[PDB]
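Student: Part one of the assembly, not moved from where it sits:
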Amino acid sequence: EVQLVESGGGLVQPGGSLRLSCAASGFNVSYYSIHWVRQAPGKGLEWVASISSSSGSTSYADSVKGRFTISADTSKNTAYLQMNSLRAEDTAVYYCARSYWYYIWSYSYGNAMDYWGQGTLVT
Amino acid sequence: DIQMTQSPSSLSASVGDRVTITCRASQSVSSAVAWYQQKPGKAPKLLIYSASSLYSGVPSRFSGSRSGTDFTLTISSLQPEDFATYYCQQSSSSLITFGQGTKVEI
Amino acid sequence: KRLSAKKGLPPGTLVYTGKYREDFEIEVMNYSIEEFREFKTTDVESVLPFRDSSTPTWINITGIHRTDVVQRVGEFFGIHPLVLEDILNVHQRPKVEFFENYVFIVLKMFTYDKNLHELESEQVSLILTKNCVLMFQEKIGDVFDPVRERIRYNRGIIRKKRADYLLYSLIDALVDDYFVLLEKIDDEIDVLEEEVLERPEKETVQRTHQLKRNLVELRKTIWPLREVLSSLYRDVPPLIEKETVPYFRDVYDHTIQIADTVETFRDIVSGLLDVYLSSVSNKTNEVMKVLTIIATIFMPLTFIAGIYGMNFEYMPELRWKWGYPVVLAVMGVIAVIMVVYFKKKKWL
Amino acid sequence: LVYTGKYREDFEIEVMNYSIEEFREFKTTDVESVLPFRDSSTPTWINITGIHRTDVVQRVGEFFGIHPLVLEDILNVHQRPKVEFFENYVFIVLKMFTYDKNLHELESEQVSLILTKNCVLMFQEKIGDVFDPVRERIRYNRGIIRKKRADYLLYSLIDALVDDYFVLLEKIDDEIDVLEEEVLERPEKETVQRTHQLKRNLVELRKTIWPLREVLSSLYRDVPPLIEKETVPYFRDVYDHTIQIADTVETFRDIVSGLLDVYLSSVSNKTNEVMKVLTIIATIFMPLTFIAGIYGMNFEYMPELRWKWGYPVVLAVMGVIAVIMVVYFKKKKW
């Protein structure tokens, strides 16, 4: 029921600009945090961005801090990632995932991704 | 900065035997780690969260243990449907860092 | 006022605190004088039009781990975000808050397992608004089946009154299974007390200490229950009718009884802690009684045998007429008489 | 004006000034260079790394305008955290706690913050400081501190302090996990030492964090206009974070008080087992050496002939008694 899909992956020349759209079904993007993760062929997973559409909470990866731009629009109930000035290493599979918070101690919270999108490909 | 080194790089084991993957954190993470399964060409699945808590609707052969700042993913009885890549995670900070990725084969 | 800012989270984040994420369900029971329904479902949007119903309604949302459903229900029913944060904070004590439209109650139910002595706690929240009662739990399996059966089969007064009697019935059922749990712990404490004196091992100590900690948990979660029932009985906010206060008074007396029982159990376990040490000292006493008896009987014999078995060049008593049998006879006599002497008391 | 701090060798003065678009960093030891900073309309921060020298603190107090009693509190180190409101300035008392994982001890160092008009005075004790994040934030403008007055500077200082509290709590959490694993796996007297020291550290942490709650409460709930209404909500967040610390602390005590109890009761349960060992061995070997001495009597009266393996018969009787005693111990389940 709860399914995440991605669109916008394509053959774009390095240094260009494009937009990845993560469409959500079975839930409301307002009530959960949406993460974008990048995995290169032959390499492990690498988290990229996190958006909490309820507030302005927006946290990008350390490596690509300030070069991406994540947001979410509730009218379409989707999340958006804007990629600008791509590098050569950015070619990989992109996954869009829900994530819920869980409680460990009073001071420390964790979170987990329960539903993972299929994940487009960017070159 | 914080990083999670996952050992070993890869592991080979038979079916029905215990498999253990350890994972160490550069900075102390309270308990916010997770273990995932990724079949090739497919989205990852969430196996373990909170470093010891089995996910809802997942076989109990997987188990998680925490000792200090080190985390171990253990398997009671490995299965043919259990040959994939297993990762770590961090959720202590808003910056999420993944593990190296240990692939288990026959 | 305001939803507390937890750092490390986006502002205004509602997070489930417990551990049970397995199941999620919504069960609706709309009952009246004549007709009733049971609309069990999962689509939350179907439950909503019951807020403004004329007849009393019982909504039961199991699995509060889905915070979106809780937020949507709270927003549509006009529930303050602080109340929602209290709902999703399982780590809490029973409490009551009175508001201009709804009454919010936090209570705890407990289960006990045999062969694995774990006192499992599940927090349940009640929100009485207008002529409806919202119920929030986090796992399948509660102690409100008698209320459902009474409503379904029209037995008792519950089908005749308003939603306030429904809330009273729910709290009464909670106190009833509190009594059931106290009886179960009574049986377990009797078994543990009998066992600790006959087979004292370290697992008995672990069981006794686990029972003591469980009882401390029970006390810390029952005294707030006394407080909340007191708050429900005395001031009787406008949401609760004046004719339904004697029922809450009865529940208050029940909570008094439960507190007395748990305090008695706490005293009993505190006694068992010293009883275990006394029993282990008794066992050590038995072992050293055996050791001291053999020592007392056979060390003097040993040294006298050593003394007559010596290499002096003299010839004191080595050729007397059967002197060896004489020594053995007198020596056995002294051993027998000292064993008889030790036969007094409980040493032998 | 008597100084009681245990740090004397360290001393340095550093100034960070900033505006909407420009900032300036200054480092010195002579106080004459930091005197003229009143005229800067833009907010500024002056940090005194070492407060052992009473002359500099007395001069700065009489220059910016600081009450004798609050200055004596600044010089005093053993003081509960506190907040005082004056028309000219506000005065706040904070603590910083460093805790080494390998070398287990939770130390402390006192900080005093004074906010008069736009200059924020911080009176650090010694070297080794936490507020590098706010210094880097104001060095490289990636925040909101540029658009606000020194009030937001005070808020940033206090927020950095509570963040350091969170990091210390993470360290204590790791120590508690390790201690619990050790207790469940293998006890020791040094394990008991660890439990006691951790308990004491938690107790002192609770005692020192609880006043900070009412410090922040005084700082937002009925705050004077010197801290500014727009700055008030930010302090609220700090207050909320403080609650978490307290909550965490209490649950840690709840998990460390009960850690050691099973070991406390479990002692004297090995006493009976060592009695088992000593008693079985003494029971075997008291009668055995007893009859050894009996046959070593050197009486020679009773015939000691070769017989039908008389010495092997004695040994066989000895072994029969030993087997009988072993059977008796098996029956007793000792």
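Tutor: Structure's in. What do you need? Numbers count the residues shown, from 1 in each chain, chains lettered A, B, ... in the order given.

Student: So for chain A, the centremost residue is which one?
Tutor: Nearest to the geometric centre of chain A sits residue A:36, at 1.8 Å (Cα atoms, centre = their mean).

Student: Verify the stated contact: it with residue A:95.
Tutor: Yes: judged on Cβ atoms under 8 Å, residue A:36 makes contact with residue A:95 at a distance of 7.3 Å. In this view, the C-beta of every residue, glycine as well, is placed from N, C-alpha and C.

Student: what's the neighbour count on residue A:54?
Tutor: Applying other Cβ atoms under 10 Å in any protein chain shown, we find 20 residues neighbouring residue A:54.

Student: That one and residue C:346: what is the separation?
Tutor: As judged by Cβ to Cβ, to the nearest Å, residue A:54 and residue C:346 stand 75 Å apart.

Student: and chain B, which residues reach chain A?
Tutor: Chain B has residues B:1, B:30-34, B:36, B:38, B:43-46, B:49-50, B:53, B:55, B:85, B:87, B:89, B:91-92, B:94-101 near chain A, with proximity defined as Cβ under 8 Å from any Cβ of the partner chain.

Student: Quick check on these: which are buried?
Tutor: Using 16 or more other Cβ atoms under 10 Å in any protein chain shown as the burial test, the residues of chain B next to chain A include B:30-34, B:36, B:38, B:43-46, B:49-50, B:53, B:55, B:85, B:87, B:89, B:91-92, B:94-101 as buried.

Student: Near the residue of the stretch 51-200 of chain C found nearest chain B, how many other residues are there?
Tutor: Closest approach between the stretch 51-200 of chain C and chain B, counting by Cβ to the nearest Cβ: residue C:65, at 8.6 Å. Look at residue C:65: counted by other Cβ under 10 Å, it has 22 neighbours.

Student: Over to residue C:305?
Tutor: 22.

Student: That one against residue D:299, yeah?
Tutor: No: Residue C:305 sits out of contact with residue D:299 when judged by Cβ under 8 Å, with a separation of 10.3 Å.

Student: So for stretch A:54-62, what gets flagged as buried?
Tutor: For stretch A:54-62, burial by neighbour count (16+ other Cβ under 10 Å) applies to A:54, A:57-61.

Student: May I ask you to confirm that residue C:284 is in contact with residue D:271?
Tutor: Yes: the pair residue C:284 / residue D:271 is scored as a contact, 5.5 Å apart, by Cβ under 8 Å.

Student: Append chain E to the structure above:
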Amino acid sequence: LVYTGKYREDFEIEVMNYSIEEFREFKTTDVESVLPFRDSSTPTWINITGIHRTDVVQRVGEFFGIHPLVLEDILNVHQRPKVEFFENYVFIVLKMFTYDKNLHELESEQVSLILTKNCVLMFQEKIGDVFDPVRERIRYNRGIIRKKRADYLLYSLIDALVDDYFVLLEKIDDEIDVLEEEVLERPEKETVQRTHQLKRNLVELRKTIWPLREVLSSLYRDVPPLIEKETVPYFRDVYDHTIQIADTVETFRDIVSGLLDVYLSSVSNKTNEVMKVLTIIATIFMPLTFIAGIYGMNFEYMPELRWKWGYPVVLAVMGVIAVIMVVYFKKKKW
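Tutor: Let me add chain E to what's already shown:
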């Protein structure tokens, strides 16, 4: 009329009349000099110490019109703290506590606050008080002390006496750390004597906090005879401070109880280790004593004779038994 106190020492009457314009410090010693200090509009602070001088206290009670029953309550020492409300004046009775070195026992001194119009009176007995912070606040232009009436004076005296408990608990914590070091290394009988004395002092502190909280609750809730409001929000930090004191004393009691329990553990472990050494020695040397007794047995026909000069063989058997038994002990914590 009757004096109950057992302390007869120096007698002193001090008056501290303070106002915005200035403050008066002519405490003097004349009994009749205080009588004109009653019609002043300013808050007049009259204190009498050494209540053994019964004629002076009787005269001042007659002058200010206190009920003689309240005078009898003042003359009492063993009286639980409480508050009584009258139209002319309000009576408060409370306890002052001071810890000391040597005999680690804490004593109590009654203090009576009679507040009427713009006048406040203390009825202390022993020389040596704690209200110095309020005195220096009066003398050093700090706080709202002068901007308000004698109600603020009562509030300041009572919350200073509440703050006394923090100093006392710091003293008790120092004592607890000393006893912690002792239990850490040297356990003796004096150790449990002094730890149990500390436990008694802590339960005494809880028992004396209870009436103080009751007094604050009774004084907070309405029925103000002379209080004109605007001071009852100040009777909110005092109640919270009472809660603070209760919780900190509870933690101190818990840590002292843990110290007692670890002493008990040390005694049990000493029993265990003495048992262990005895068992090791007897266990390893008794079978050897047996075998030494057996061989060389005295009978006519000895068949052992010589087996390849086997005395080194039996010695090596002894050594092998000894080393394997030592290894068996070493594999455990023996």
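
Student: once more on the neighbour count of residue C:305, with chain E this time?
Tutor: Applying other Cβ under 10 Å, I find that residue C:305 has 23 neighbouring residues.

Student: any idea how far chain A is from the nearest residue to it once chain neighbours are set aside?
Tutor: Among residues not flanking residue C:305 along the chain, residue D:293 sits closest, at 3.4 Å (Cβ to Cβ, 6 or more residues apart in numbering or on different chains). Distance, residue D:293 to chain A, using Cβ to the nearest Cβ, to the nearest Å: 69 Å.

Student: quick one: furthest residue from the center of chain A?
Tutor: Here chain A reaches farthest from its C-alpha mean at residue A:106, the gap being 27.7 Å by Cα atoms, centre = their mean.

Student: which SS state does residue C:314 fall under?
Tutor: Look at residue C:314: counting by DSSP: H, G, I helix; E, B strand; the rest coil, its state is coil.

Student: re the thing from before, ok, the residue nearest to residue C:305 - contacts?
Tutor: Shown in contact with residue D:293 (Cβ atoms under 8 Å, 6 or more residues apart in numbering or on different chains): C:301-302, C:305-306, C:309, E:293.

Student: Over to residue B:72: give its phi and psi.
Tutor: Backbone geometry at residue B:72, expressed as degrees, to the nearest 10, gives phi -120, psi 130.

Student: Verify the stated contact: residue B:82 with residue B:75.
Tutor: Yes: taking Cβ under 8 Å as the definition, residue B:82 is a contact partner of residue B:75 at 6.7 Å.

Student: any shared contact partners between those two?
Tutor: Common contacts of residue B:82 and residue B:75, defined by Cβ under 8 Å, 6+ apart, comprise residue B:61.

Student: The two - which one has more neighbours?
Tutor: Using other Cβ under 10 Å as the criterion, residue B:82 and residue B:75 rank with residue B:75 on top: 20 against 17.

Student: Tell me which residues touch the nearest residue to the more buried one once chain neighbours are set aside, please.
Tutor: Leaving aside its sequence neighbours, residue B:75 sits nearest to residue B:19 (Cβ to Cβ, 6+ apart; 4.4 Å). Neighbouring residues of residue B:19 by Cβ under 8 Å, 6+ apart: B:11, B:13, B:74-75, B:78, B:104.

Student: Name the nearest of those residues relative to residue A:48.
Tutor: Nearest to residue A:48 among the contacts of residue B:19 is residue B:104, at 26.1 Å by Cβ to Cβ.

Student: in chain A, what residue is nearest chain E?
Tutor: For chain A, Cβ to the nearest Cβ, closest residue to chain E: residue A:106, 17.3 Å.

Student: Append chain F to the structure above:
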Amino acid sequence: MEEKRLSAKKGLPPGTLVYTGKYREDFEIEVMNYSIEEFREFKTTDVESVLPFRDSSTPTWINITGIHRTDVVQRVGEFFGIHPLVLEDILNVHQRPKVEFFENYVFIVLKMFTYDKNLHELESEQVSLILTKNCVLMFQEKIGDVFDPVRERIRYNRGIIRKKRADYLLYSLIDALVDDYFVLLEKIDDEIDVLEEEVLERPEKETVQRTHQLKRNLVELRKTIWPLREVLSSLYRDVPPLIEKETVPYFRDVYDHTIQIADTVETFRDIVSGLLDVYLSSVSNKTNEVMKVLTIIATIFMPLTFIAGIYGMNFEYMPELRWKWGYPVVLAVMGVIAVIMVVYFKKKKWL
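Tutor: Chain F added:
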């Protein structure tokens, strides 16, 4: 737990009311009928002389001591219209403190304790109060109460007791009882302080018995205090029509006193358990000293016997002939072993 009907014991005829306590020696009725300007104190033994005070306009305090005479209790209950179940509760000593609100009267069961030295058990006596209209009936088991201050206040017109109604009299009696409870707790504390020295200095079986009976007494004290605090809470937070709502602050003061007493008794129980632990430690140290002497003797002698036997062997092939006179060598070896034993026991800091 619904409806109130008389319980049926099988050893008695159906309606008979039985006294449960163990006192029969005393019986006396004291009537104390006061007003703003007058008071009549009247001690008698006739039940029929107190009946007119039911309809008295002025407040009156009846005090019947010796409830063992069930006929007097039954007659007074019949005249004052008291329910028979309340009479059975009055005569039933073996019950906890409680309060019952009725349409015409309020019924309270409370306890007064006494502590004796050289007989370290506390004795409880049940006192019952019935407040009805303008009369306060008091039922006591035996001579000896704790309401002397109230009597002096009524006699000598101290305080404000005379000008008020019977509800203030009920307050005064309950306050006096709680003050006596405070005195009792002080006596328990003194007994605990005395027992501390013996339990950490004089380890005997009598100390064990004394501490265990103190723990039992503390348990009984808690079991009495908790319902008493419940009674005071009910009087404060239920305000029945007989209390006039003006005397409620007095009841909250008594409620605070009860709360303090309950906390005190809990702390005392903790202290008693600590005393038991210290006892065990003391006896363990005694046994440790005895084990020390046993162990040192055994380890300085038994190995010496081992070597003595080893070179006490007698077969053909041994260097038994003197080498350096031989025997002094073995004696010196034994002495050196003993000296090593003693020196490392000195190192181990016990003899």
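
Student: Could you re-examine the neighbour count of residue C:305 with chain F now present?
Tutor: 23.

Student: re earlier: any idea how far the residue farthest from the centre of chain A lies from residue C:213?
Tutor: Counting by Cβ to Cβ, the gap from residue A:106 to residue C:213 is 20 Å.

Student: circling back: am I right that the residue nearest to the centre of chain A sits in a strand?
Tutor: Yes: under three-state DSSP, residue A:36 falls within a strand.

Student: That one and chain B: what is the separation?
Tutor: From residue A:36 to chain B the distance is 11 Å (Cβ to the nearest Cβ).

Student: Next one: that residue relative to residue A:91, how far apart?
Tutor: According to Cβ to Cβ, residue A:36 stands 15 Å off from residue A:91.

Student: Please apply the same query to residue C:210.
Tutor: Counting by Cβ to Cβ, the separation of residue C:210 from residue A:91 is 56 Å.

Student: Name the nearest residue to the residue in chain A positioned nearest to chain F, ignoring sequence neighbours.
Tutor: Minimum separation of chain A from chain F (Cβ to the nearest Cβ) falls at residue A:106, amounting to 28.0 Å. Distances taken as Cβ to Cβ, 6+ apart place residue D:247 nearest to residue A:106, at 3.7 Å, with adjacent residues excluded.

Student: Quick one: check the longest strand anywhere in chain A for contact with chain D.
Tutor: Longest strand in chain A, counting residues (DSSP state E): strand A:92-103. No: Strand A:92-103 is not in contact with chain D by Cβ under 8 Å from any Cβ; minimum separation 11.4 Å.

Student: Off-centre distance for that strand?
Tutor: From the chain centre to the centre of strand A:92-103 is a distance of 7 Å (Cα atoms, centre = their mean, to the nearest Å).

Student: cool, and stretch C:312-321?
Tutor: Distance of stretch C:312-321 from its chain centroid, counting by Cα atoms, centre = their mean, is 78 Å.

Student: hang on, residue A:21 packs against residue A:78?
Tutor: Yes: if you go by Cβ under 8 Å, residue A:21 and residue A:78 touch, sitting 5.7 Å apart.

Student: Comparing these two, which shows the higher neighbour count?
Tutor: residue A:78 (21 against 16).

Student: wait, is the residue of chain A closest to chain F part of a strand?
Tutor: No: looking at residue A:106 with three-state DSSP, it is coil, so not inside a strand.

Student: Tell me who's in contact with it.
Tutor: Applying Cβ under 8 Å, 6+ apart, the residues near residue A:106 are D:244, D:247-248, D:251.
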